[PDB]
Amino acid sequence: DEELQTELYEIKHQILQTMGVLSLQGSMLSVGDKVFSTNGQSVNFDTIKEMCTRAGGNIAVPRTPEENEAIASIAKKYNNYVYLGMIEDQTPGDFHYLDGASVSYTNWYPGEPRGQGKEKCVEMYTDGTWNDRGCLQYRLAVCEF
């Protein structure tokens, strides 16, 4: 009806106001349909995954250059490396998203992936490039929604 068109407009406006506020305050970065955010904590991979799922999201993983740059800006902001949502396959060198699917977009630092002790996790340097490492380090927790 006509009353429906009105309600949707207000609802859309309100969402746009709340997201604008969170953005202005630096609580989140929006890229396309994805929203990235961090709780400022620096913990290991398992802990990050838990924190994000508990917040109703998932450990962040860039799938485009723009997404990768948004996460990179957060890592730079906190002067810390970020663990990404991906892990090495059974056969070293290959990586897959946490759902199993194989990674498509990649931004490895030159020479990487270079598995010392079978580097299973992936960290993002502050310049945005990736390094495959182990998963017990303390890294900035960044989630995507």
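Just so we're on the same page, rigid core means the largest C-alpha set that superposes within 1.5 Å between forms. Residue numbers here begin at 1 and follow the sequence given.
A.B. asks: Is 99-107 or 112-120 the stretch whose C-alphas end up farther from this model in 4 other deposited structures of this protein after a rigid core fit?
C.D. replies: Stretch with the larger root mean square C-alpha distance in 4 other deposited structures of this protein: 112-120.
A.B. asks: Going by the mean C-alpha B-factor recorded in the entry, which is higher: 78-86 or 113-121?
C.D. replies: On average, C-alpha B-factors are higher across 113-121.
A.B. asks: For the stretches 132-140 and 11-19, which has the higher mean C-alpha B-factor as given in the deposited record?
C.D. replies: Per the PDB record, 132-140.
A.B. asks: So if I compare the CA B-factors in the entry for 32, 65, 92, 26, which one is the largest?
C.D. replies: Going by the entry's C-alpha B-factors, 92 comes out highest.
A.B. asks: Splitting the chain's C-alpha B-factors into thirds, which one does residue 104 fall into?
C.D. replies: According to the entry, residue 104 has a C-alpha B-factor in the chain's middle third.
A.B. asks: If you rank every modelled residue in this chain by C-alpha B factor, which third holds residue 98: lowest, middle or highest?
C.D. replies: CA B-factor rank for residue 98: highest third.
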